[PDB]
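Here is the structure we will look at, set down as structure tokens.
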Amino acid sequence: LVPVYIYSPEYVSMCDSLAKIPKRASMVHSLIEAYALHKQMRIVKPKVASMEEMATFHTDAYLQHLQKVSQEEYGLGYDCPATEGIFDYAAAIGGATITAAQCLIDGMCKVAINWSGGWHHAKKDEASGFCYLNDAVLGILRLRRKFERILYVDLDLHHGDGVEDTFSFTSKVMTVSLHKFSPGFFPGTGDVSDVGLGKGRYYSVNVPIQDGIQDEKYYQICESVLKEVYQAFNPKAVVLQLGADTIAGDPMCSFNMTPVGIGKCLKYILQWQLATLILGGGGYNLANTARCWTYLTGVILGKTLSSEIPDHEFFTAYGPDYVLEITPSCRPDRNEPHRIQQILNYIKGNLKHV
Ligand SMILES: CN(C)c1ccc(C(=O)NCCCCCCC(=O)NO)cc1
Ligand SMILES: [K+]
Ligand SMILES: [K+]
Ligand SMILES: [Zn+2]
């Protein structure tokens, strides 16, 4: 009944070294610790993923290449620099999510959290969008050993293309992604008409959304889709990716959400009372990402947190207001109601086939 919190000092330090988000893992953990939330959770040390565990998804040629560049193509480049920490980072993140999955299998908990996971872009032999290894896929494949139908819900700002593509030809894993979809915006995929292929047709769900969406409309959309998905797909377990790059104040400056709105989505999923693997993802206003995942941990624990950020290691990063709540930016919501309705009707039509 007590949620599992994947953590070790070594893991945080490892994750802290991803050059795109320096120290973010420490900031998230430190704030969670400052609110004393870890004492209400079962703290589980993550294992490091073995080569064989990583090879359940990634090809050996790809994994050997990561090993090679870590010691001395494949999507390595501007977004995914080939640096020496690559292989150990992959094994650690993957291992953490696999550990969370295993805890859920063993019935240790109903909810297991790896805030440093959620790297949804990576494919079997291609790095993409800061993702060297797809830990979300790894967790789904582990859960698959016990659970017959798995629902993957992706609330990151970006389309969960790596996870959806991996399971596009299957009906045993359904992917649902809400994301910004606009020509030029990474990764450029995930229109409402993308529904999966072959036996998996209608088992991929995409909700293309525009800039400026706020809490109430987002939840209305998310609740509407998830309601139909639940009744049509009847999932036995859930993997939930909660990238905080949708949150107001993110330098990506696209959606205009607060952790409260995401929390309502989280609450809706939690009341299904299924085994649920919780993952992080994007989130580039580092203090806000910590504010968000701290609040969401509170939501998982059913606790209401004090508005004042406690003094702690990174306290100075929480200016100018030093509170946990995030105020939406004063800019317009570019989502026109009729288009949103069209999308919801298209999805509903798709789910009748499921
Ligand atoms: C300021 N600067 C130098 C850059 C800013 C943005 C990108 C970018 O979005 N690149 C495309 C890859 C986006 C990765 C998004 C990862 C994510 O949050 N996935 O959910 C690149 C450079
Ligand atoms: K998403
Ligand atoms: K699928
Ligand atoms: Zn993202």
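Chain lettering (A, B, ...) mirrors the order of the structure tokens, residue numbering begins at 1 for each chain separately, and ligand numbering begins at 1 in order of display.
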Point to revise | Which of region 110-163 of chain A DSSP labels strand (DSSP E), written as a list in words | key: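 Output for region 110-163 of chain A, strand (DSSP E) only: residues 111, 112, 113, 114, 150, 151, 152, 153 and 154 of chain A.
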Practice item. Residues up to 7 Å from ligand 4, counting only C-alpha atoms and all ligand atoms: could you list those as a list in words? Key: residues 156, 157, 158, 243, 245, 281, 282 and 283 of chain A
Review point. Given a cut-off of 7 Å, what residues near ligand 3 show up using only C-alpha atoms and all ligand atoms, put as JSON, numbers by chain?
Key: {"A": [164, 167, 168, 169, 170, 171, 172, 173, 174, 175, 196, 200, 203, 204]}
What would the file look like if the residues just selected were written as an mmCIF file, in the first residue's frame with C-alpha atoms?
```
data_model
loop_
_atom_site.group_PDB
_atom_site.id
_atom_site.type_symbol
_atom_site.label_atom_id
_atom_site.label_comp_id
_atom_site.auth_asym_id
_atom_site.auth_seq_id
_atom_site.Cartn_x
_atom_site.Cartn_y
_atom_site.Cartn_z
ATOM 1 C CA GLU A 164 4.463 4.007 -29.556
ATOM 2 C CA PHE A 167 4.478 -1.411 -29.727
ATOM 3 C CA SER A 168 2.739 -0.171 -32.879
ATOM 4 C CA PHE A 169 1.994 -3.694 -34.192
ATOM 5 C CA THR A 170 0.464 -4.987 -30.950
ATOM 6 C CA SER A 171 -2.861 -4.801 -29.129
ATOM 7 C CA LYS A 172 -1.421 -6.008 -25.819
ATOM 8 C CA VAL A 173 0.137 -2.609 -25.101
ATOM 9 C CA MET A 174 -1.847 0.568 -25.807
ATOM 10 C CA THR A 175 -0.020 3.897 -25.999
ATOM 11 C CA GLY A 196 -0.831 2.071 -34.966
ATOM 12 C CA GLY A 200 -2.023 -2.951 -33.310
ATOM 13 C CA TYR A 203 -4.037 0.663 -30.123
ATOM 14 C CA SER A 204 -2.013 3.840 -30.493
#
```
Point to revise | Residue contacts of region 213-226 of chain A (8 Å, only C-alpha atoms) excluding same-chain residues fewer than 5 positions away, as number ranges by chain | key: A: 178, 255-258, 260-262, 264-265, 268, 328, 333-335, 344, 347-348
Per residue of chain A within 9 Å of ligand 2, record the nearest atom pair and its distance in Å to one decimal, counting only C-alpha atoms and all ligand atoms, with rows in chain order and ascending residue number, as JSON lines.
```
{"residue": "A:120", "atom": "CA", "partner": "ligand 2", "partner_atom_place_in_ligand_line": "1 (K)", "distance": 8.9}
{"residue": "A:153", "atom": "CA", "partner": "ligand 2", "partner_atom_place_in_ligand_line": "1 (K)", "distance": 7.7}
{"residue": "A:154", "atom": "CA", "partner": "ligand 2", "partner_atom_place_in_ligand_line": "1 (K)", "distance": 4.2}
{"residue": "A:155", "atom": "CA", "partner": "ligand 2", "partner_atom_place_in_ligand_line": "1 (K)", "distance": 4.2}
{"residue": "A:156", "atom": "CA", "partner": "ligand 2", "partner_atom_place_in_ligand_line": "1 (K)", "distance": 3.9}
{"residue": "A:157", "atom": "CA", "partner": "ligand 2", "partner_atom_place_in_ligand_line": "1 (K)", "distance": 5.2}
{"residue": "A:158", "atom": "CA", "partner": "ligand 2", "partner_atom_place_in_ligand_line": "1 (K)", "distance": 4.7}
{"residue": "A:159", "atom": "CA", "partner": "ligand 2", "partner_atom_place_in_ligand_line": "1 (K)", "distance": 4.4}
{"residue": "A:160", "atom": "CA", "partner": "ligand 2", "partner_atom_place_in_ligand_line": "1 (K)", "distance": 5.2}
{"residue": "A:161", "atom": "CA", "partner": "ligand 2", "partner_atom_place_in_ligand_line": "1 (K)", "distance": 8.6}
{"residue": "A:176", "atom": "CA", "partner": "ligand 2", "partner_atom_place_in_ligand_line": "1 (K)", "distance": 7.9}
{"residue": "A:177", "atom": "CA", "partner": "ligand 2", "partner_atom_place_in_ligand_line": "1 (K)", "distance": 4.4}
{"residue": "A:178", "atom": "CA", "partner": "ligand 2", "partner_atom_place_in_ligand_line": "1 (K)", "distance": 4.5}
{"residue": "A:179", "atom": "CA", "partner": "ligand 2", "partner_atom_place_in_ligand_line": "1 (K)", "distance": 4.3}
{"residue": "A:180", "atom": "CA", "partner": "ligand 2", "partner_atom_place_in_ligand_line": "1 (K)", "distance": 7.7}
{"residue": "A:206", "atom": "CA", "partner": "ligand 2", "partner_atom_place_in_ligand_line": "1 (K)", "distance": 8.4}
{"residue": "A:207", "atom": "CA", "partner": "ligand 2", "partner_atom_place_in_ligand_line": "1 (K)", "distance": 8.6}
{"residue": "A:241", "atom": "CA", "partner": "ligand 2", "partner_atom_place_in_ligand_line": "1 (K)", "distance": 7.7}
{"residue": "A:242", "atom": "CA", "partner": "ligand 2", "partner_atom_place_in_ligand_line": "1 (K)", "distance": 8.1}
{"residue": "A:243", "atom": "CA", "partner": "ligand 2", "partner_atom_place_in_ligand_line": "1 (K)", "distance": 7.8}
```
Exercise for review: List the neighbours of residue 195 (chain A) out to 6 Å using only C-alpha atoms; skip same-chain residues closer than 6 positions along the sequence, and give me the result as a PyMOL selection string.
Suggested key: chain A and resi 201-202+204-205
**Study point:** Selected residue of minimal separation from residue 233 (chain A) among A:146, A:353, A:110, A:123, counting only C-alpha atoms
**Key:** A:353
Review point. Closest to ligand 1 among A:112, A:54, A:252, A:12, using only C-alpha atoms and all ligand atoms?
Key: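 Of all the options, A:252 lies closest to ligand 1.
You can rank A:163, A:292, A:4, A:34 by their closest distance to ligand 1 using only C-alpha atoms and all ligand atoms, and at the top of that list sits A:163.
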Exercise for review: Go through A:351, A:323, A:21, A:28 and flag the residue nearest ligand 1, using only C-alpha atoms and all ligand atoms for the distances.
Suggested key: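 Among A:351, A:323, A:21, A:28, it is A:21 that comes nearest to ligand 1.
For the residues A:198, A:280, A:263, A:94, ranking by smallest atom-to-atom distance to residue 138 (chain A) using only C-alpha atoms places A:94 first.
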**Study point:** Coordinates-based distance that separates CA of residue 259 (chain A) from CA of residue 327 (chain A) (Å, one decimal)
**Key:** 9.9 Å
Practice item. Tell me, as a ChimeraX atom specification, which residues lie within 8 Å of residue 191 (chain A), counting only C-alpha atoms; anything in the same chain fewer than 2 positions away does not count. Key: /A:181,189,193-194,206-208
Residue contacts of residue 286 (chain A) (8 Å, only C-alpha atoms) excluding same-chain residues fewer than 2 positions away, as a tab-separated table (two decimals) with C-alpha atoms, in the first residue's frame:
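Result written to part14.tsv:
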```tsv
chain	number	residue	atom	x	y	z
A	21	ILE	CA	19.69	18.76	-17.28
A	24	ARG	CA	18.08	18.14	-11.93
A	27	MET	CA	17.01	19.19	-7.10
A	283	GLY	CA	11.37	19.50	-17.70
A	284	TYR	CA	13.81	22.31	-18.34
A	288	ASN	CA	9.74	24.10	-11.54
A	289	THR	CA	10.35	20.47	-12.52
A	290	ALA	CA	11.22	19.80	-8.90
```
Exercise for review: Kindly indicate which residue among A:40, A:13, A:26, A:276 lies nearest to residue 102 (chain A), using only C-alpha atoms for the distances.
Suggested key: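 So, comparing all the options, the nearest one is A:276.
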Point to revise | Near-residue 62 (chain A) list (10 Å; only C-alpha atoms; drop same-chain fewer than 5 positions) as a list in words | key: residues 55, 67, 68, 73, 74, 123, 124, 125, 126, 127, 132 and 133 of chain A
If you take only C-alpha atoms and a cut-off of 10 Å, which residues of region 99-147 of chain A touch region 297-309 of chain A, and what are their nearest atom pairs and distances in Å to one decimal, in chain and number order, as a tab-separated table?
```
residue	atom	partner	partner_atom	distance
A:111	CA	A:300	CA	8.2
A:113	CA	A:297	CA	8.7
A:115	CA	A:297	CA	9.7
```
Just-selected residues, N, CA and C atoms written as a PDB file, in the first residue's frame:
```pdb
ATOM      1  N   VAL A 111       2.152   1.388  -6.591  1.00  0.00           N
ATOM      2  CA  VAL A 111       2.775   2.504  -7.302  1.00  0.00           C
ATOM      3  C   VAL A 111       4.287   2.531  -7.062  1.00  0.00           C
ATOM      4  N   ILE A 113       7.870   4.636  -8.312  1.00  0.00           N
ATOM      5  CA  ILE A 113       8.281   5.911  -8.905  1.00  0.00           C
ATOM      6  C   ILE A 113       9.763   5.951  -9.281  1.00  0.00           C
ATOM      7  N   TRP A 115      11.516   9.055 -10.952  1.00  0.00           N
ATOM      8  CA  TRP A 115      11.429  10.397 -11.520  1.00  0.00           C
ATOM      9  C   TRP A 115      12.518  10.711 -12.547  1.00  0.00           C
TER      10      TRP A 115
END
```
Practice item. Measure the distance from CA of residue 270 (chain A) to CA of residue 29 (chain A) in Å and round it to one decimal. Key: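 Atom-to-atom, CA of residue 270 (chain A) to CA of residue 29 (chain A), that is 22.0 Å.
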Exercise for review: Please indicate the distance in Å from CA of residue 96 (chain A) to CA of residue 46 (chain A), rounded to one decimal place.
Suggested key: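 That distance, rounded to one decimal, is 4.6 Å.
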